[PDB]
Amino acid sequence: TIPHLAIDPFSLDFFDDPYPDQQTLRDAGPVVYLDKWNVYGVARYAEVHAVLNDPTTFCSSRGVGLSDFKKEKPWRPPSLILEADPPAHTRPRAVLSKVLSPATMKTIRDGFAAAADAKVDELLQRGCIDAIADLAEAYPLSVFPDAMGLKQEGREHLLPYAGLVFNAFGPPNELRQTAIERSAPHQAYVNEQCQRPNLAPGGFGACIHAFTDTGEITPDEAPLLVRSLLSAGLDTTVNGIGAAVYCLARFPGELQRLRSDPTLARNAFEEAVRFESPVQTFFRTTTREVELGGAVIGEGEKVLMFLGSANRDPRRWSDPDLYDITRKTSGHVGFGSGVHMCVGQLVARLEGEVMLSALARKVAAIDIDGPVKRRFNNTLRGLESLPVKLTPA
Ligand code: HEM
Ligand SMILES: O=C(O)c1ccc(C(=O)c2ccccc2)cc1
Ligand SMILES: [Cl-]
Ligand SMILES: [Mg+2]
Ligand SMILES: [Mg+2]
């Protein structure tokens, strides 16, 4: 009843151009079986959304990578938020919600916006730049480590650590094995910075530790919650901002609409998250036998959710393969959905909005003018290099 497919959604050929295979995954049925990895796959919008909103059956506490924590040892201690189900999830989630709250955004917005404006002006003085190294990476590196309260020493480990984290949710392919092997120096740096003495008062990390006084988290939970922000809060934004710039470079008509109304910046960023889906996939594990789209899945099975596919499903989206900065984006699953929906979404949107606002006000054209290179990761979609010429407004 369930179709069996040989598509490897973690192969380099798939990463290089996933769209035909994602349509094959959607059109084969609401649920497929991926023989390459012995997992179920769910690629249409409706079923992806339903699974994400059914946490008592499609759980996170057995891991959201391929590995099942009831069968294998996790490569690092489990995340107290990502890899937990309610009720254990709830209080750690509340702490990160408050640390990354609407009220907190007020305290960082001026500096985040000023840094974005300055970066765009700096890049305009160069003209021809690499929108990854010089923009998508440089901007978050200039604001997020400081907002976390990290010391200066060791920050070179942050992007390597995040790449490792995101590769490690994948299957045990070469990308994963290479990432985990000799990763101890990156782990040691991150784990050290999670300790309270290393985090500047007033930053996100110190604020997490301050919540240990309230009874929401114990002192020994705080370092792992700092670890969550250092795992999930940098490389995601690099790929989100890179996605938005790549969209504006390829759709000049949409750049022109953004220039004419810079208040579209926030939705232009949200649409880039839908369109590229910088976080492509994650897993759940069934806690019981369950029917999904007519297919019966046994207990203890891994289920792979294709967020990028759901975000392009023609059953749900008109003109899904068009980047449209005025699209009604609500309901896209690029930040997930339900109880685990990205707790950092306000930080992500703040960074994306202020960068696109700076581009909207300062740049007249974005032209690809060198070889584009894709970056491969088991979970993240994005570019390694994006040479562009920026023309000033
Ligand atoms: C464009 C940028 C981002 C994207 C696309 C993104 C995507 C996601 C997705 C899809 C999830 C859900 C995972 C699941 O359901 O298993 C998630 C969760 C999470 N994200 Fe983000 N994220 C982004 C930025 C950030 C930032 C900036 C932070 C922190 C500063 C952050 C921290 C987290 C955390 C801690 C979780 C776990 C939440 C929970 O399990 O309750 N993310 N993110
Ligand atoms: O708590 C953490 O360490 C953590 C939290 C969230 C993420 C994340 O966005 C993500 C994880 C797995 C798959 C797709 C996205 C990764 C790590
Ligand atoms: Cl670690
Ligand atoms: Mg260890
Ligand atoms: Mg010291």
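This chain uses plain numbering: 1 for the first residue, then up along the sequence. The analysis underlying the following values was restricted to heavy atoms, covering all of them including side chains, and did not include hydrogens, waters or symmetry mates. First listed ligand is number 1; within each ligand, the first listed atom is number 1.
Among all protein heavy atoms, the one lying closest to atom 2 (C) of ligand 2 is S228 OG, 3.4 Å. In terms of protein heavy atoms, atom 2 (C) of ligand 1 is closest to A348 CB, 3.6 Å. Here the protein heavy atom with the shortest distance to atom 32 (C) of ligand 1 is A232 CB, 3.5 Å. The nearest heavy-atom contact from the protein to atom 26 (C) of ligand 1 is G233 CA, 3.5 Å. Of the protein's non-hydrogen atoms, the one nearest atom 3 (O) of ligand 2 is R76 NH2, 2.9 Å. When only non-hydrogen protein atoms are considered, atom 5 (C) of ligand 1 lies nearest to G334 O, 3.4 Å. Atom 19 (C) of ligand 1 has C342 CA, 3.8 Å as its closest protein atom, hydrogens excluded (heavy atom only). Atom 17 (C) of ligand 2 has as its closest protein heavy atom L82 CD2, 3.7 Å. The single protein non-hydrogen atom nearest to atom 40 (O) of ligand 1 is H340 ND1, 2.7 Å, given as residue, atom name and distance. The protein heavy-atom contact nearest to atom 35 (C) of ligand 1 is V343 CG1, 3.4 Å. Nearest non-hydrogen protein atom to atom 10 (C) of ligand 2 is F166 CE2, 3.5 Å. Atom 11 (C) of ligand 1 has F335 O, 3.8 Å as its closest protein atom, hydrogens excluded (heavy atom only). Atom 7 (C) of ligand 2 has its closest protein heavy atom at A232 CB, 3.7 Å.
Counting heavy atoms under 4.0 Å from ligand 1, residue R93 touches it through the side chain alone. With a 4.0 Å cut-off on non-hydrogen atoms, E351 does not touch ligand 1 at all. Only the side chain of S79 comes within 4.0 Å of ligand 2, judged by heavy-atom distances. At a heavy-atom distance under 4.0 Å, only side-chain atoms of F144, from C-beta outward, approach ligand 1. In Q280, neither the side chain nor the backbone holds a heavy atom less than 4.0 Å from any atom of ligand 2. When heavy-atom distances to ligand 1 are checked against a 4.0 Å cut-off, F282 comes that close only through its side chain, counted from C-beta outward. Counting heavy atoms under 4.0 Å from ligand 2, residue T236 does not touch it at all.
Other residues, nucleotides and ligands contribute at most 12 non-hydrogen atoms within 6.0 Å of the CD atom of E153. Residue-environment remark: CG (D110) stays at or below the threshold of 12 foreign heavy atoms within 6.0 Å. No more than 12 heavy atoms of other residues, nucleotides or ligands lie within 6.0 Å of CZ in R91, so this atom counts as exposed by the packing criterion. No more than 12 heavy atoms of other residues, nucleotides or ligands lie within 6.0 Å of NZ in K389, so this atom counts as exposed by the packing criterion. With a 6.0 Å radius and a threshold of 12 heavy atoms from other residues, nucleotides or ligands, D17 has its CG atom above the threshold. In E174, the CD atom is not crowded: 12 or fewer heavy atoms of neighbouring residues, nucleotides or ligands sit closer than 6.0 Å.
Remark: distances from the non-hydrogen atoms of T281 to ligand 2 include one below 4.0 Å. Ligand 1 lies less than 4.0 angstrom from a heavy atom belonging to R284. At a 4.0 Å cut-off, not a single heavy atom of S60 sits close enough to ligand 1 to count as contact.
At under 3.5 Å, a nitrogen or oxygen of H89, whether backbone or side chain, sits near a nitrogen or oxygen of ligand 1. For the pair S228 and ligand 1, the shortest N or O to N or O distance does not fall below 3.5 Å.
Between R381 and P278 the shortest side-chain heavy-atom distance does not fall below 4.5 Å. Residues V226 and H209 are in side-chain contact: their nearest non-hydrogen atoms beyond the backbone lie under 4.5 Å apart.
Near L82, meaning under 4.0 Å from one of its heavy atoms, ligand 1 places the atoms 13 (C), 14 (C), 16 (O), 40 (O). In the vicinity of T379, heavy-atom distances shorter than 4.0 Å reach the ligand 2 atoms 13 (C), 14 (C). Applying the 4.0 Å criterion to heavy atoms of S231 picks out, from ligand 2, the atoms 3 (O). Interface atoms of ligand 2 facing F282, defined by a heavy-atom separation under 4.0 Å, are 13 (C), 14 (C). Listed by atom number, the atoms of ligand 2 under 4.0 Å from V279 heavy atoms are 14 (C), 15 (C).
For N311 and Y45, the side-chain atoms include no donor-acceptor pair closer than 3.5 Å.
Both the sub-6.0 Å distance and the 45° axial angle are not jointly satisfied by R312 relative to the ring of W317. A cation-pi arrangement is found for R250 relative to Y246, the charged atom lying closer than 6.0 Å to the ring centre and inside a 45° cone about the ring normal. Taking the ring centre of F58 as origin, the terminal cationic atom of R284 falls outside the region bounded by 6.0 Å and 45° from the ring axis.
Annotation: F14 is not in aromatic contact with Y19 [ring centroid separation under 6.0 Å not met].
Looking only at distances, no side-chain donor or acceptor of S357 sits under 3.5 Å from a matching main-chain atom of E353. Between the side chain of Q280 and the backbone N or O of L380 there is no donor-acceptor pair closer than 3.5 Å.
The existence of a salt bridge linking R315 and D27 is confirmed by a sub-4.0 Å separation between a basic side-chain nitrogen and an acidic carboxylate oxygen.
Ring planes of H186 and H157: perpendicular class, angle over 60° (limits at 30 and 60°).
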